[PDB]
Amino acid sequence: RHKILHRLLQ
Amino acid sequence: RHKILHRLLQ
Amino acid sequence: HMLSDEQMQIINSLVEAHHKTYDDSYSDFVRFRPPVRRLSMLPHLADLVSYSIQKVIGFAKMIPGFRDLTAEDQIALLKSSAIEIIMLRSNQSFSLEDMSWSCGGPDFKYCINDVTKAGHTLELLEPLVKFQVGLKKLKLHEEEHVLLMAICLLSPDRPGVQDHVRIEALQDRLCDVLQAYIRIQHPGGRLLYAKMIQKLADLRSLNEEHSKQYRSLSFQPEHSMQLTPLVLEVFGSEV
Amino acid sequence: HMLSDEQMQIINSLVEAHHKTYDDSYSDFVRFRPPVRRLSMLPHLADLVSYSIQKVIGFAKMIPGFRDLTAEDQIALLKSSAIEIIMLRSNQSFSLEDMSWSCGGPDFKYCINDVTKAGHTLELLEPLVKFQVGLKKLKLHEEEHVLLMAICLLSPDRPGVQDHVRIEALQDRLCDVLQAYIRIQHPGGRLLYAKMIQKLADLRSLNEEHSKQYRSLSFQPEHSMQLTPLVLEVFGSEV
Ligand SMILES: C=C1/C(=C\C=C2/CCC[C@]3(C)[C@@H]([C@H](C)/C=C/[C@@H](O)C4(/C=C\C(=O)OCC)CC4)CC[C@@H]23)C[C@@H](O)C[C@@H]1O
Ligand SMILES: C=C1/C(=C\C=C2/CCC[C@]3(C)[C@@H]([C@H](C)/C=C/[C@@H](O)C4(/C=C\C(=O)OCC)CC4)CC[C@@H]23)C[C@@H](O)C[C@@H]1O
């Protein structure tokens, strides 16, 4: 879950 | 799953 | 030779459904995210396809016999054929003069280089433009063009279908309407039916190459976040 | 009385981070879906908040001590405080003359009636505009405004936090910088710190009322499809 948030956090 | 498709199919 | 009353009513329902789900002026295009000339054209094209998916579903619900299917077969047929139906209706805006889709001024004129600004390599764009030229040369009537989309949509060889016996029954009944219409109302179309069936197998290769490049994008979240919830659902692998 | 070298460097890092993640000209607003005057303003506002979430994450990554936290605490802190941080930075565009957010001409001027065209009742809009007026009256300095957002973001009382002992350690160290800055560089601010802490509890009520109206939308797919994948992820209940 939260695949975009992990990526947006570099 | 496919919550939007079910709704778009009326 | 001529058609029956029930076969012509299928034609009256498909042509009306296409007119109700297609705008020859492309006025709703201003409501999308603006086109930008990494992956600058992705937001605009993602809204363009998501808007098209909504219209394909509206056209599917008015196909005679499609609404009596189970809700699961309607999803399996729509998901696996969405990009193919979109490529069919996109020919209505394609022009052989500039070899690009023309929907407005310089903003809504999607050249081959514009789709490259969405992450697509020439491995898919080269056969796609080749498909639009071969389809545009057929000069299909409005009845033939709307029949090809209904036949492409009711294909039994879709991954996920369950009652594929009725699906083939509806597709072959749709094929007989097209095969007879060309014999009656289309002069010089003694070989047209085989050319249209050939275009269906070409869409399968375009569908396969499209799914490989989309799959590569879907794993990168910084790009898939620019998509729409409907595109992620139709082009997704969930079941 | 005065501040230390390490406390002023926290100020130099927060103000620089806010300048790097906020545009006083609002030029990127043209890249959103256009505003329309059922739920006509929903696409434009959904892109407006999704764009703001990306900037809040950029501002969070430059808060000293936030990057050393676990990736799970960074998500739990961002998800539960995203709408609060957005309401804080939105005051930079709010104007007491027209009682609305001014970001451009008549298109980017979000009145109270415009947010109603997104599905929001006056049960949330009435305290929200009341919050913007009370915050605008404080005339917070740029150092105080950026400190309030960092304190609101590093709140330990967020559902989902794990190592809330270090989170409270970072927030109280951020509170001491604000409590001292007002005593030194802000004349007439003998009661300002208590007013800013009071605004944090007001954001909790705005956060609660916002989550109730969003939850009612999220269950209706014909409306949630107009959202963005980032908004659905931050405002979602997945964990
Ligand atoms: C769809 C219609 C129209 C044009 C369609 C076009 C022309 C431009 C290119 C289009 C959009 C084609 C492109 C290549 C396909 C795109 C999708 O996969 C998409 C983009 C990117 C993506 O998935 O990237 C993954 C790497 C997710 C949104 C489809 C039809 C083509 C215009 C009108 O005739 C209406 C009609 O209704
Ligand atoms: C966010 C910023 C700005 C303005 C913010 C505003 C003004 C208009 C109203 C806004 C957007 C507020 C509204 C009410 C909140 C909306 C979200 O929940 C949202 C909308 C709808 C939704 O969830 O409907 C569920 C029923 C999903 C997108 C937030 C900040 C407010 C403008 C600049 O200062 C930049 C800053 O960065």
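We count from 1, first residue shown onward.
Backbone N, Cα and C define each Cβ position, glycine as well.
According to Swiss-Prot, the protein carries these features:
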- D:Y22, D:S52, D:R89, D:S93, D:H120, D:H210: calcitriol binding site (BINDING)
- D:61-79: region 'Interaction with coactivator LXXLL motif' (REGION)
- D:229-237: motif '9aaTAD' (MOTIF)
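Known features from Swiss-Prot, placed on the structure.
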residue: D:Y22; record: calcitriol binding site; contacts (Cβ under 8 Å, 6+ apart): D:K55, D:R89, D:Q92
residue: D:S52; record: calcitriol binding site; contacts (Cβ under 8 Å, 6+ apart): D:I86, D:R89, D:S90
residue: D:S93; record: calcitriol binding site; contacts (Cβ under 8 Å, 6+ apart): D:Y26, D:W101, D:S102, D:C103
residue: D:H120; record: calcitriol binding site; contacts (Cβ under 8 Å, 6+ apart): D:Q213
residue: D:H210; record: calcitriol binding site; contacts (Cβ under 8 Å, 6+ apart): D:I83, D:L124
Quiz item: Do you have the Cα distance in Å for D:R37 and D:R38? The stretch of 60 residues between them isn't modelled.
Solution: 10
Quiz item: Using DSSP, how many residues in the motif '9aaTAD' (D:229-237) fall into helix, strand and coil?
Solution: 6 helix, 0 strand, 3 coil
Practice problem: Consider each pair of residues in D:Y22, D:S52, D:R89, D:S93, D:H120, D:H210, all listed by the record as binding calcitriol, and report the largest Cα separation in Å as a whole number. | Solution: 26
Quiz prompt | For D:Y22 (calcitriol binding site), the three-state class that DSSP assigns | solution = coil
Practice problem: Tally the residues of the region 'Interaction with coactivator LXXLL motif' (D:61-79) by DSSP class, grouping H, G and I as helix, E and B as strand, and everything else as coil. | Solution: 10 helix, 0 strand, 9 coil
Exercise. Mind giving me a neighbour count for D:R89 (calcitriol binding site)? Other Cβ atoms within 10 Å of its Cβ, every protein chain shown.
Key: 18
